[PDB]
Structure formats: structure tokens, C-alpha cells
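**Q** Take this structure, written in C-alpha cells, and hold onto it; I'll ask about it next.
All of the numbers you see were taken from the coordinates with simple rules; none came from a lab. Note that each Cβ is placed from the backbone with ideal geometry, even for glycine, and that neighbours are counted across all protein chains shown.
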Amino acid sequence: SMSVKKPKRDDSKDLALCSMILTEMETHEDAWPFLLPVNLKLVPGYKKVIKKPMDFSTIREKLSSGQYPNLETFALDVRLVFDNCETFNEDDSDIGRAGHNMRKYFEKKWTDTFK
């Protein structure tokens, strides 16, 4: 509350660290469904079904241009990638498995870096 602050967590290395995590996800072999925005002209359903599209390239632009206020908002866009994947793909498909793998991969790096 007013004039009563929790001790200050050092957040000066967050930007750098999220960029590292993002690079590691960009270079994973199961990143391919996620590298670029889904073509809304060529994939029936995607536009109407998926209210907030997200992909790694879009995350990378936002991070590089100060569009993440904190590490929580960045983690949200990353999860959104995989939640969208689950909404639109069967678990038993190459893309559905990629999404599950990439989520697991992310959540470990997140925990190992920040918790």
C-alpha cells in the first residue's frame, strides 16, 4: 500500500532472459507449426474460431519493440500459442503433439530461469 513496499526483485535481466528462452523455442525442431502467423486466408475456421492468434515471430517483434510490460505478459503470449494449438488441433496429430512438447519445453525453462 501507499509508502509500504515489498522488497524490490531485480528485473533488469528479464528482457535478455526472455529473449534467450524465445531463441531456444525458435530453434526447437517442433517449433515449425508456431514460427509464423497461421494464414487466415488459407486455413478454414482459424479466423472465426481463434479469437487471439499468436505465434513466435509476433512474440519476437513485441519483445524487441518494448510491447511486453513485464515477464508475466510475455509468458501469457507464449501460453496463448499453445492454448490456441490445443483449441484447433487433435492431441493425436503432428501439430497437437508439437504443441504439448513445446509447452513442456517452455514451462521447464521458465521455472528454471525465474522460480
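**Q** So, restricting to helices (runs of 4 or more DSSP H) that lie completely within segment 1-85, which ones have at least 1 residues that are under 14 Å from the mean Cα position of the chain (by Cα) and exposed (fewer than 13 other Cβ atoms within 10 Å of the Cβ)?
**A** Fully inside segment 1-85 and qualifying: 14-26, 56-64.
**Q** Being of a type in the set (A, V, I, L, M) and farther than 16 Å from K109 by Cα narrows it down to one of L76, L35, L22, so name that one.
**A** On the way: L76 fails: farther than 16 Å from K109 by Cα; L22 fails: farther than 16 Å from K109 by Cα.
Going through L76, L35, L22 in turn, the sole match is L35.
**Q** Can you name every residue in segment 86-108 that is over 14 Å from the mean Cα position of the chain (by Cα) and assigned to a helix (DSSP H, G or I)? Working first, answer last.
**A** Let us first name the residues in segment 86-108 that are over 14 Å from the mean Cα position of the chain (by Cα), namely 87-97.
Selection gives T87, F88, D94, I95, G96, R97.
**Q** Could you check segment 21-58 and list, in sequence order, the residues that are free of Cβ contacts under 8 Å to residues at least 60 places away in the same chain and hydrophobic (A, V, I, L, M, F, W, C)?
**A** Result: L22, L35, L36, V38, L40, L42, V43, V49, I50, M54, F56.
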